[PDB]
Each structure stands twice: as structure tokens, then as C-alpha cells.
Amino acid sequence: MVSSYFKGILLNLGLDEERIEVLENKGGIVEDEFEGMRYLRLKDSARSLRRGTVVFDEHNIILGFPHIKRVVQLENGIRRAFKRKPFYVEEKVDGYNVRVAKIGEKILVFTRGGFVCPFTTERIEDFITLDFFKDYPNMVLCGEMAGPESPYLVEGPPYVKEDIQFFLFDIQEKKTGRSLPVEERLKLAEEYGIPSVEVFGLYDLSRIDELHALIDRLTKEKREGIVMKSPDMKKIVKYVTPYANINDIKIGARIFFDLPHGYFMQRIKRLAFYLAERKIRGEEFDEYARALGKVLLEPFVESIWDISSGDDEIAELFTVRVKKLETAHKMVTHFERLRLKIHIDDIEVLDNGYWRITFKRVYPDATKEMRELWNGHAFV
């Protein structure tokens, strides 16, 4: 299933031969390839090797990016995680996660599951300079790709007016995955001109009222929230705005079916805890209640009306810019391997010579369930 070459490295990393075989049998480790380079991808977690870890050889091991725990009550979440000790507060940028690393003679960009993104890898030199990897070839840039022309999202931060951008939020060591302290990472980002998430400053529990004011401002500005980090990067907690929760519901409600478990309920819970913590009442409360009802029902009702007349499927349209037409071809192939039903809907050349590719992703299982229900299917 997977070569003993890769199993050999997993052993040198301390993994047990018996565990390696179980992972191989269950598909928890799989082989993949990008432009001729073979690598092992961890679909499941293995000891200190997180999901999304990729292995090319004994040195080129890129650990998966760790999950970040959330709090839904900000003040008490800070007291529990940080006590009264200081922490950095960074913008949580709404995009997709990437890890950028020098592998052999190539710069590869890995998405969260450990796939090489052909779009982001081809265009990485538009978003960052590569001087960093000349000096720090054993280091991994971790960041968010975010913007209005994204291959993976249909929303983004409001200050990105076109195309897509990189926002550094961590620098990690190969093989160990160890994060540099915040201050060192920011010094490297400035030294190399690497675009960074916005750092709002150093805060602590005693400054909770300013943090609430920050959340309210990010809400009005249609931004997602914050990530709180101890200076040594050992404690990390996220917290999202009510806008993030309401807009996610709006986007998701067009599809409604076949979404991750709890997608809607978790966000309703996050809204209720925000409303409780901030003691919002009266007319202000009613505005949130009306907004929640609207984003649950209006996009869903609109899709029911759509699927009730015709053979059209529920779809999302999105665009990206590419330098070479071949890249668009590589994306369609990549989208299929990821089991997504995506095709090219439109192509245009821009005034700067980039191709603007409009993709259409359809949701056939969600469409089928919605249409069967509309056509009167009876269920227990």
C-alpha cells in the first residue's frame, strides 16, 4: 500500500511498526505525488504526527497544522487560558490554511489536509518573496490565503478588493513543527517583507473592555475575529465575531443538507453566548434575532424555489486569477481528486494579462435531498 521507504522514515521517527501497519491498512497514511515528487500524507493523526503531516524524506517532514481551540465566552475564556498574563491579539483572517516550504528545488504550498494546492503553489511568488527560504530552508511559513477570488471560499476580508492575498500567522520548524515565538516571527516577517495578519497588540484580562470594543469594531467591519497567542506560542485560543457566525449561516443555508455535523447549531450557540456575555437586550437583541432568522430561512427558501422548477442543481460560482491556462486545467483535475463537482463556467483575460477563471461547484447530494422533499417524499 505504502512503500517501505516511507515506513522506514516513520520508524526512525519512533512510530511502532505495528501502528504503521494499522495506519497503512486503514488508509490513515497514503502516498501522493506532485510534479513527480512522491510523498506520504497522514490522513489520520499518528503520535506526535498530526493530520495533514506530509513526508518526502528523512528531512522534509512538514507537520500538520494543529487545531486551535475556541472559546465562546471571551472574558472567562481568557481568564481560564491566560489568567492575568499578557497575550498577543491577532486578526483571525477568513480564508484557507497554507503551509509553504522549500522541498528540494521547489517551493510547495500545502493545504490543511496535506495536498499540494496547484493554484497556490503556481502563484506563490505573487503573494510572497522567496528570499526567506534561501536563508531558512528548514522553516515553514504558515498563513491564510484570503480574498474575493479564492478557489476554496466564497467570502473574505473586506480590505482585499481583488485577487487573493497571503497573511502570515506562524513560522514552524520542519520535522518538529515547533513555532517561533511571536516577536521573532514578526521580526522575520518584517525583515523579508512577508505580509502578516494584523497584530492588534499585547493585551491581558484587565483589558477585556477594549477587547470587547475591538470585537464590536471587527463586527461592524465584517471581519472574522481574533486569535489570542501567548508570546511563546504555547497557548493559542480563537474567538469569532457575531458577523462571522451569522454570515457563515447565510452562506451555508443555501445548501443546508450534507454539511459538516453541527455546522448551524455550533454557530447559533456562539451567537447565544455572545448575546448573554454582552447582556444584549431589547431592540438590540431583536435585531440579532431577526438577522438569525433571515440567514437561516431566506437562502434556504430561495434554493427551494430554485430547485422546484428545472433540472438546475444548487451551485456556488467563484473566480480565481491564474497566469497560465494550464493552471486552471490542473485545478479542475485537483478538484475532482478531492471529489468535488466543479467545472469551468467562464474565462476572461484581464487588462494585466492574467486569466480570470470562473468555476461552478454543484452540490448534487444536497440538491437531490431538497428536491425529493419538495416533491413530497415521505420519511420517518
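The first residue of the sequence shown is number 1, and the count goes up from there.
* Asked: Of 124 to 132 and 107 to 115, which one has the bigger average CA B-factor?
  -> Per the PDB record, 124 to 132.
* Asked: Do the C-alpha atoms of 356 to 364 or of 9 to 17 have the higher average B factor in the entry?
  -> For C-alpha atoms only, the mean B-factor is higher in 9 to 17.
* To do: Between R321, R41, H67, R70, let me know which has the highest C-alpha B-factor in the entry?
  => Answer for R321, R41, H67, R70: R41, with the highest C-alpha B-factor.
* Would the CA B-factor of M1 place it in the lowest, middle or highest third of its chain? -> Tercile = highest for this residue's CA B-factor.
* In terms of the CA temperature factor given in the entry, to which third of its chain does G225 belong: lowest, middle or highest? -> Bottom third by C-alpha B-factor.
* Asked: Compared with the other modelled residues in the chain, in which third is the CA B-factor of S179?
  -> Tercile = middle for this residue's CA B-factor.
* Against its chain's modelled residues, does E284's Cα B factor rank lowest, middle or highest third? -> It falls in the top third of the chain.
* Asked: Once the chain's modelled residues are ordered by C-alpha B factor and cut into thirds, is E144 in the lowest, middle or highest one?
  -> According to the entry, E144 has a C-alpha B-factor in the chain's lowest third.
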